[PDB]
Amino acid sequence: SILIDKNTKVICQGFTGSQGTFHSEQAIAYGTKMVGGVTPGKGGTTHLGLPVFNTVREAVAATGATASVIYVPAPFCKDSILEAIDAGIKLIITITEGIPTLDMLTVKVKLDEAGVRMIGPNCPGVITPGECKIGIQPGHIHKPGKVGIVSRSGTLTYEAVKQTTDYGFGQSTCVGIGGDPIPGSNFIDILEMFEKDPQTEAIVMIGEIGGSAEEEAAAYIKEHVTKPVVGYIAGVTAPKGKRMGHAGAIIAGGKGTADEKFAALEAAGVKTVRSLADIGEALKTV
């Protein structure tokens, strides 16, 4: 498993909001170790049984949490990511969609300089089937197992989760890297973790149009990944030039098409599947 586990103590920034409440009730159900949360102004209260603090530092000194999940609207996201990092959290998982790209540009530089990890933004989050759920995914589809999944899309991840469960494989850790143009973690940061994960026997890598990370990964895989990777790319039928729902989903400059990416995955010796329906199958074969 990578990133999170039965031991990760987590706080929620945006705890008393709609999504913050909702999806925190589910993590709690799941057995996730939510130790408390943050909403400025509401400190001193208690929500879902957990204590609510005024500033992330207050929360961290009180609870010892090292991870944080952020359900704060775009306009204040960058301030809440920066606060978290400044308070000594080492893992940030941001669900928030709609963050301005330039806000992300700077936060990423700070993330890296400070060595803090962010999953997201605009992402379903993270699950280690069996121990930890932080995110919005429906946990009843998962099963503790040996495949690790990284995706650039949420529901698309659920298709693969449900195949690898049905074919009996299950999952080490499912990771959604988000659909924005500049995410806090790319494929490479994540493939490197899976490769080093013993519970991880094969890797499912789901991507889509736009950018060049899949390509960038195609080439890191070839050189540094020894487990088998089955890759699927959504987008082949996408118009050139339009944003396909996800903010980073757009073929900009006649560049970053579905077909280029499949084609670069093959070379790296990746088992590209051209029908999302065959992820189960192909892994069976691996």
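Residues carry their position along the shown sequence, with the first being 1. In this text, the rigid core denotes the largest set of C-alpha atoms whose superposition between the two forms falls within 1.5 Å.
Practice task
Please indicate which stretch deviates more in 4 other deposited structures of this protein: 75-83 or 122-130, judged by C-alpha RMS distance after a core superposition?
Solution key: Comparing 122-130 with 75-83, the one that moves more in 4 other deposited structures of this protein is 122-130.
Exercise for the section: Could you check which stretch, 166-174 or 102-110, carries the larger mean CA temperature factor in the entry? Expected result: The stretch with the larger average C-alpha B-factor is 166-174.
Exercise for the section: Averaging only over Cα atoms, indicate whether 11-19 or 269-277 has the higher B-factor in the PDB entry. Expected result: Comparing 11-19 with 269-277, the higher average CA B-factor belongs to 269-277.
Practice task
Tell me which of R57, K33, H224, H246 tops the list for C-alpha B factor in the record.
Solution key: Out of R57, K33, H224, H246, the record gives the largest C-alpha B-factor to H224.
Practice task
Please pick out which of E201, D79, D180, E208 has the largest Cα B-factor as recorded in the entry.
Solution key: The C-alpha B-factor peaks, among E201, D79, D180, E208, at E201.
Exercise for the section: Could you tell me which third, lowest, middle or highest, the C-alpha B-factor of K90 occupies within its chain? Expected result: Answer is middle: the recorded C-alpha B-factor places it there.
Exercise for the section: Looking at the entry's B-factor column for C-alpha atoms only, identify whether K196 ranks in the lowest, middle or highest third of its chain. Expected result: Highest third - that is where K196 ends up once the chain's C-alpha B-factors are sorted.
Problem - Assigned third (lowest, middle, highest) for the C-alpha B factor of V69 - result: Tercile = lowest for this residue's CA B-factor.
Practice task
Name the third of the chain's ranked CA B-factors that contains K261, choosing lowest, middle or highest.
Solution key: Its C-alpha B-factor, which the entry lists for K261, ranks in the highest third among residues of this chain.
Handout entry: For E214, the third of its chain into which the C-alpha B factor falls
Key = Answer is middle: the recorded C-alpha B-factor places it there.
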